[PDB]
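In the block that follows, a single chain appears as structure tokens, in the form deposited in one PDB entry.
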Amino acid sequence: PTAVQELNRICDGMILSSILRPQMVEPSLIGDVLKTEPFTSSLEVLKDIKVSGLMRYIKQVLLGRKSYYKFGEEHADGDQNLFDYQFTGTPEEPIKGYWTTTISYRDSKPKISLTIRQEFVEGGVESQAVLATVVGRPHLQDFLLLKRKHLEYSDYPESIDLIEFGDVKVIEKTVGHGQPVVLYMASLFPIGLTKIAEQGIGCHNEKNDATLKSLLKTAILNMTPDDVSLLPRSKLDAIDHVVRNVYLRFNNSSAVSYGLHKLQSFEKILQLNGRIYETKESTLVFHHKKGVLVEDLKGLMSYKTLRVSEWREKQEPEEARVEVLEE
């Protein structure tokens, strides 16, 4: 288990400890994680490798830091002439009907990027462009720079040349001001702010995957329906962050068997956060009246315009009748 993999595993343990109760990101937290799960590589190795986020704060506590994590401490302008190029979908292979391209200033945190999403519509392509950036930046100059890079990157499509700065949805993130932060439900709550920063959940080995599913059910179990009706919107969004990540780890039969949807306190969470949950298999609706429902284009019922049927356990008599079609 290298130094990175151990760093990954300690971050897993902090995320898992965030499920049952909020915890301030400070060295004691990392210390409790090291109990059942120590750091076995050398501290000298750790002084070499460079990581970011909470794994860097794990590294610094392993290297003796006694102060708590300070929101905004990672701030960085990035290199204005080094760009990162990433994309999902293409015009020839779009994904869920869309293709999206994001170009950003390398090593910028918060990340200063221009994302251009596109789809085929009647009359050609519609584009939706988002400039994710920081308060006070030269937005127009930034846009015009990242736009050029989009044009040069994708062989100058007409559709991108047509996007004006006035077409661009601008999102200004604030840098922290050094607020201490609380980790709860895989999300950071900076003290003094109302927003959260959702963190990557991790938990990709079998053991931590099974722990994550266990802890979430127990966490919800540890709330009364009144407890849920009292939570701030920010903790609810935090819980949403974890719930949706868990259900993407199940097929429909496992998800229903998991049983989190059957709990009273979770029904109160469904009223505040929504009933529609993607899974590994498709999408379920945990409805308070109809029961468990499953996405189904042949559905006689609709939930927020999603066609659904009653999810029932797949039994072999339905599949024996599946008509194999001539090629």
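Between two forms, the rigid core is defined as the largest C-alpha subset superposing within 1.5 Å. From 1 onward, residues are counted along the sequence shown.
Below: the form deposited in another entry, not depicted.
Participant: Considering only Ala210, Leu144, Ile95, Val135, which residue exhibits a C-alpha shift of no less than 2 Å between the shown form and the other one, with the rigid core used for superposition?
Facilitator: Between the two forms, the residue that moves is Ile95.
Participant: With both forms fitted on the core, check whether the Cα of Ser309 differs by 2 Å or more between the shown form and the other one.
Facilitator: Shift at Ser309: 2 Å or more after core fit.
Participant: With both forms fitted on the core, give yes or no for whether the Cα of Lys70 moves by 2 angstroms or more between the shown form and the other one.
Facilitator: Comparing the forms between the shown form and the other one, which are aligned on their rigid core, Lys70 does not shift its C-alpha by 2 Å or more.
Participant: Kindly check if the Cα atom of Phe286 is displaced 2 angstroms or more between the shown form and the other one relative to the superposed rigid core.
Facilitator: Shift of 2 Å or more: yes.
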